[PDB]
Each structure stands twice: as structure tokens, then as C-alpha cells.
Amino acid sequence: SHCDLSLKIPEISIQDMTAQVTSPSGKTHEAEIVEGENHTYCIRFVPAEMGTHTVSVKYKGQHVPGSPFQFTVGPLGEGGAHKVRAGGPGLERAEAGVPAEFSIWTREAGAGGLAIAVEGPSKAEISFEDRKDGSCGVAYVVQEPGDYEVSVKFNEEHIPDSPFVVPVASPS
């Protein structure tokens, strides 16, 4: 019942519209389109996979303005972001140009989608290390000093203590 995307588009008709959703695996599926109040169309998809999905929306075979759109899915209402924990120096303080490292423990949440975002005065390079011990290593490097926000989400819900505010100094 969540409208994964809504589009207000005048003087089209639903029977000539198509909404094709591509999942992260590359699988495509046809989304359900329903017309709400106004000419506001609700596009709904029941996802089998977590992560950002793409939707192409066409009227009479032509992309609408904005297409392709994307949307993210989750959470599922079953737990579970609250069972993930993250910690380490890279969530406390860092230095510009120097890998800021931390771990994420995801084993209690089980299967899903883990998103790591870093926001601030430069673009982060992010590294992921799968470990066979139930934990993930993450590292990021940012070029510019400043306050960064580091977000860790499971199925698009922030885990405990996310977002982390991280002061990044010039190296010393």
C-alpha cells in the first residue's frame, strides 16, 4: 500500500502507461499503476530484493518527463535494523586523506540491504571487506577536512546511533 513512486501527469490515460521496475539483480518486473485523486498515479511494486530500484515510465511507448526514476525499498516492518551495530574510529574522528575504518555487525539482522553513506565537504571513497566472522569492515577516505555525517542503514532504516557525526581534521 506504500506508493513506491507517485507522478502527477495530466491528460494521459492509464491503459497506455507502463512502468517497468529493474531490481539490483537485473531482473525486470512490471509495476502496478493506479490512478489516485487529481491525475496522480501511484506506482507500486512488491520487492523481492533490497536496494535502489529503477523504474522506466512510458506513455504510448515514450518515456515520460523524469524517466527513468529510481526509488529505494524498505524497511519491511520485521525487525531488524535495530539488531545491527556499528563502531570504530572512523565513526568517531578521522583525518583528511587517511582511511577512516569501522566495523558493522549484521549477523543478527540476517539477509537484507546495507547502505553506507558519507556526507560532507568532499566525496568519499568507500571500501567494503566481507569477513567470514559475521562482521563487515568498512573504510572511507575523504579529501577535505570538516564535519561529515556517516549513515549506516539496513533496509533504509538507520541502525542504532546512525547517523554518526564525524569530525575530520587535516592530518597530524
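One-based numbering along the sequence shown.
- The stretch 33-41 shows the higher mean C-alpha B-factor when 106-114 is compared against 33-41 in the entry.
- On average the C-alpha atoms of 6-14 have higher B-factors than those of the other stretch, with 6-14 and 159-167 being the two compared.
- The top Cα temperature factor in the record, among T28, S56, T52, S122, falls on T28.
- Per the PDB record, residue ranking by Cα B-factor puts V98 in the highest third of the chain.
- Ranked by Cα temperature factor within the chain, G66 sits in the lowest third according to the deposited record.
- When the modelled residues of the chain are ordered by their C-alpha B factor, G80 lands in the highest third.
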